[PDB]
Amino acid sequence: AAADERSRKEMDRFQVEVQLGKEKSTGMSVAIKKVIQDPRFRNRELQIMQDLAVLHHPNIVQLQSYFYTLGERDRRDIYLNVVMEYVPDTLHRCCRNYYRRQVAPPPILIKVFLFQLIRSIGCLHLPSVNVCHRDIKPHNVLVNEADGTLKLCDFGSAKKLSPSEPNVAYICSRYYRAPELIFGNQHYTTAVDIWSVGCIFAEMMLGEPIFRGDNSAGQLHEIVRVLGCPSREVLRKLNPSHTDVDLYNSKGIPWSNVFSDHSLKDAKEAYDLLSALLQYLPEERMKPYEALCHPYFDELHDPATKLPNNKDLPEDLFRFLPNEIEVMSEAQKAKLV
């Protein structure tokens, strides 16, 4: 198994039940991702996780350790094993448990979860940090339902994007894939994560994915079917070779008909925020710290606001790291800090 004395030491720090287990020491639950080491390459996930660990964000899962081990089909091969803090409940499971009983998760949970998801990408997207997750989805969001807390996980598709280097599109799970990724742009921005988060929002309020393509063509279909035909500007910028507006022909479906079986007291606020996140044009998608100040979240500031079991809102909800505060506008610092 172990390929190193250091790796053997780190392995013995944990007990196993991706592999799930617990830190024998502190009792903390952990998951172990195992990925091949290629002599030619260094692993991005590890470095990303190590950069993030220095910040220790309340809404991002924390690296515990890494260690190496040999292969089975070939003992020549070395495998990196990354160990992250973990919890068994995902946003997907959490939401599915309500919808399976023909009800929806409490509005305030939906609201507190979203605020924290927006928070996770706010920090990731900082110039200082510059991590693009590239596969934000309900299976990759961990939640504590009772505490109202939430953490972004699985950076196995993450990359720090740069202008000077091009990128693939297929790493993002299809239903959560931004339009620029559907069009196969080798260069895109962290706005692909904003799209993903807008798709989860819709998903929390619908009980299924909003854009469920059986394929790339189908994925575009489902987006166009709801958001309507994209503008000339959009197609010209994101899909220059195929700008024929009559082959993207729909008026769209308003949010009121999308969310027909489920009601919110502040539907117009939620739909505003949802629309701002699901803008076709990347630079026009609302950026995390602006989203956190949107009216949909106003009630989270009210000290009378509590969780569905009448418990207080999570401690850290408004505990922002200096890193974040430094980049905020004055108006954002006024509202959030």
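From 1 onward, residues are counted along the sequence shown.
S.K.: Between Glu17 and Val18, what class does the number of missing deposited residues fall in: none, 1 to 3, 4 to 9, or 10 or more?
M.R.: Count of unmodelled residues in between: 10 or more.
S.K.: Select between 42-50 and 66-74 the stretch whose C-alpha atoms have the higher average B-factor in the entry.
M.R.: Stretch with the higher mean C-alpha B-factor: 66-74.
S.K.: Averaging the C-alpha B factors as listed in the entry, name the stretch that ends up higher: 258-266 or 198-206.
M.R.: Per the PDB record, 258-266.
S.K.: Comparing recorded Cα B-factors across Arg285, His294, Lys34, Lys306, which one is largest?
M.R.: In this record, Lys34 carries the highest C-alpha B-factor of the candidates.
S.K.: Quiz for you: based on the deposited Cα B-factor, which of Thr190, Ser157, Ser216, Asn249 is highest?
M.R.: Across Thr190, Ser157, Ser216, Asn249, the entry lists the biggest C-alpha B-factor for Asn249.
S.K.: Is the Cα B-factor recorded for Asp147 in the lowest, middle or highest third of its chain?
M.R.: For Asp147, the deposited C-alpha B-factor lands in the middle third.
S.K.: Would you mind ranking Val168 by its C-alpha B-factor against the rest of the chain and naming the third, lowest, middle or highest?
M.R.: According to the entry, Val168 has a C-alpha B-factor in the chain's middle third.
S.K.: Could you look up the Cα B-factor of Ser241 in the entry and say which third of the chain it sits in: lowest, middle or highest?
M.R.: Highest third, going by the recorded CA B-factors of the chain.
S.K.: Can you tell me whether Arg232 has a C-alpha B-factor in the lowest, middle or highest third compared with the other modelled residues of the same chain?
M.R.: According to the entry, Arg232 has a C-alpha B-factor in the chain's highest third.
S.K.: Give the position of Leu161 by CA B-factor within its chain, expressed as the lowest, middle or highest third.
M.R.: For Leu161, the deposited C-alpha B-factor lands in the middle third.
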